[PDB]
Amino acid sequence: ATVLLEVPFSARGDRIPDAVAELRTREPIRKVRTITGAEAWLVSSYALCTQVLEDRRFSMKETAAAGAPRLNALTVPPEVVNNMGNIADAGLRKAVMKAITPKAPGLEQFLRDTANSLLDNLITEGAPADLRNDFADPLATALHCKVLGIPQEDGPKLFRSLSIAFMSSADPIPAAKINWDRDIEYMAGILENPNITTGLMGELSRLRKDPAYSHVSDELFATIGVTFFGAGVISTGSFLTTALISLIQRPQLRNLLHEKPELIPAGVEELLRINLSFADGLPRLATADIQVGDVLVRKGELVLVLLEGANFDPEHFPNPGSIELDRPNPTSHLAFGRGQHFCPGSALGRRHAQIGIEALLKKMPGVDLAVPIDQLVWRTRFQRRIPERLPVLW
Ligand code: HEM
Ligand SMILES: Oc1ccc(-c2n[nH]cc2Oc2ccccc2)c(O)c1
């Protein structure tokens, strides 16, 4: 006898387990057990993943309900799970979206300057260098301080919350509350700080004092700062890091992008498609009985949308494991999700990776791993897959 198949399958972000293709072919929706002991439906084909993400009856908000089957423990207050809904209801959606576009004057030049400075410092210190801790993550942190309008020097402390904040735990995490409350207090202070007049926090600070937003809560304003910093930094840092691994392991592609940097955006789109940064399927709770493939999902059940299931589906992306810059459907991947909860930071995430890679290939065209790839240490029980260190030489 064996127990029910458990998720997640592997914390490794450098290879996809054979089990994914097996499931997709034989049972593209099937029952699994999560780390909490709850059962869930794991969805692994492009067609069924898209169906679930495009049907709001599969609800993000309702995953926070007391007594629901859980993927993992909440690390934020339950009301915050409906973060974008709260922002929308407060009439703040357009303003937030405008503030986080990569098109702000000077933002791209800031990114390039920052990337180049980080790389120069690594070159000065000499190989080996750690491209996660001393390149990808600081670049993400710097970008988000700039986008938020907050001091660069405050980035490191806010960043240190994230190795706990984005845990995927079977049980509640006491440290997550301590850090959350402290970070909320910080953002509340920012809203009252006369020095803060640019970026997302500068804009929220002004809207907060405008009559049309007088009954929007201070808690919501602070929460927007905390969640956008955290989600943005962890997502961009983790994606860039694992994308660099995929690039390093493809010297032919690395050379092509070095020689023809105009191809970098198409390269980054393919790196998004094959990215294994999300450690768990995206969770939704059924609010009705809904047929998905051969399964009638019942009201109250948990569904997990496996992004790499969709993104490596050969029925949608032929030769799915290969990076091919000339696909006819290049942005149709699910790396940023789909539907109601599509990533609001997609443009900024793309630009972060494009500029980081462009800078790295120019400064370190001979970049390569400094340890055998199996020596990378993959973070466990976390909402992202990432190597603890990424040692390179050049
Ligand atoms: C390569 C970088 C990024 C990737 C791969 C990524 C991925 C995703 C995905 C897959 C979702 C959907 C979650 C779901 O439907 O359950 C999402 C949502 C979200 N992302 Fe991103 N993201 C990235 C960058 C960013 C950035 C830069 C920001 C903000 C600055 C951000 C903020 C958010 C927020 C606030 C949500 C919640 C949306 C909602 O609840 O409707 N992300 N992200
Ligand atoms: O400082 C932070 C920031 C974000 C989170 C978080 N945990 N889980 C999901 C998180 O971030 C979001 C982001 C958007 C909507 C809801 C939550 C967190 O646990 C701490």
Side-chain angles (χ1 to χ4, degrees), residues 7-14 16-18 20 35 72 115 118-119 121-123 126-144 155-156 159 161-169 230-251 253-254 257 267-268 270-281 306-308 311-312 321 323 335 349 352-353 356-357 359-361 363-364 366-394:
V7 292
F9 299 145
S10 177
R12 290 183 68 159
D14 63 328
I16 190 172
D18 297 331
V20 177
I35 59 168
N72 52 29
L118 292 166
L119 291 167
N121 293 348
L122 292 181
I123 290 170
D130 181 345
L131 291 191
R132 180 175 82 83
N133 297 293
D134 300 319
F135 180 61
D137 280 353
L139 186 64
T141 299
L143 173 61
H144 287 79
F159 171 82
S161 291
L162 306 177
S163 70
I164 290 171
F166 281 83
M167 279 176 172
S168 186
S169 175
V233 170
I234 202 67
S235 299
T236 59
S238 305
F239 169 65
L240 181 53
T241 298
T242 50
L244 292 172
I245 296 170
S246 291
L247 194 49
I248 286 167
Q249 293 302 87
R250 294 169 169 80
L253 175 65
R254 180 204 66 170
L257 296 186
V268 164
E270 275 293 87
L271 290 161
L272 284 162
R273 183 183 64 81
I274 65 159
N275 102 83
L276 300 176
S277 78
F278 272 66
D280 304 303
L306 190 73
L307 297 183
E308 66 263 43
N311 289 341
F312 288 77
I323 287 178
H352 172 265
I357 288 165
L360 173 77
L361 295 180
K363 293 275 180 186
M364 293 181 174
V367 65
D368 192 10
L369 273 171
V371 304
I373 193 162
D374 283 3
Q375 293 302 118
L376 298 180
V377 177
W378 292 96
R379 181 173 297 183
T380 51
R381 293 265 163 130
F382 197 68
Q383 290 175 41
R384 294 297 183 276
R385 298 181 179 114
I386 45 171
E388 293 287 349
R389 289 158 298 279
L390 178 50
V392 303
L393 45 75
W394 58 89

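Just so you know, these numbers use all the heavy atoms, side chains as well, and skip hydrogens, waters and symmetry mates. The chain is numbered in sequence order, starting from 1.
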Distance, nearest 0.5 Å, that separates [atom1] of [X] from [atom2] of [Y]:
X    : Y    : atom1 : atom2 : answer
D14  : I373 : CG    : CD1   : 4.5 Å
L271 : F239 : CG    : CZ    : 5.5 Å
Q383 : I234 : CD    : CD1   : 9.0 Å
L244 : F135 : CG    : CZ    : 6.5 Å
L118 : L131 : CG    : CG    : 10.5 Å
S246 : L276 : OG    : CG    : 7.5 Å

On a heavy-atom basis, which atom in [X] and which in [Y] lie closest, and how many Å separate them?
X    : Y    : result
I245 : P387 : CD1-CG, 4.0 Å
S168 : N72  : OG-ND2, 2.9 Å
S169 : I35  : C-CD1, 3.4 Å
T236 : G349 : CG2-CA, 3.9 Å
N275 : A335 : ND2-CB, 3.6 Å
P156 : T141 : N-CG2, 4.3 Å

Please check if the side chain of [X] supplies one atom and the backbone of [Y] the other of a donor-acceptor pair under 3.5 Å.
X    : Y    : value
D130 : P391 : no
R254 : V367 : yes
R132 : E388 : yes
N311 : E308 : no

TODO: Tell me, please, which residues at least two apart from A279 pass side chain to side chain contact (heavy atoms under 4.5 Å, CB included).
DONE: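 Testing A279 for side chain to side chain contact (heavy atoms under 4.5 Å, CB included), a comparison that skips the adjacent residues, returns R385.
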Compare all side-chain heavy atoms of [X] with those of [Y] and state whether any distance is below 4.5 angstrom.
X    : Y    : result
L390 : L369 : yes
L253 : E270 : no
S10  : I16  : no
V371 : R389 : no

TODO: Quick one: do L376 and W378 satisfy side-chain contact (heavy atoms from CB on, under 4.5 Å)? Show the steps, please.
DONE: CA-CA 6 Å; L376 298 180; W378 292 96; 3.9 Å; yes
Task: NZ/NE/NH1/NH2 to OD/OE distance under 4.0 Å, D374 and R12 - done: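 Yes.
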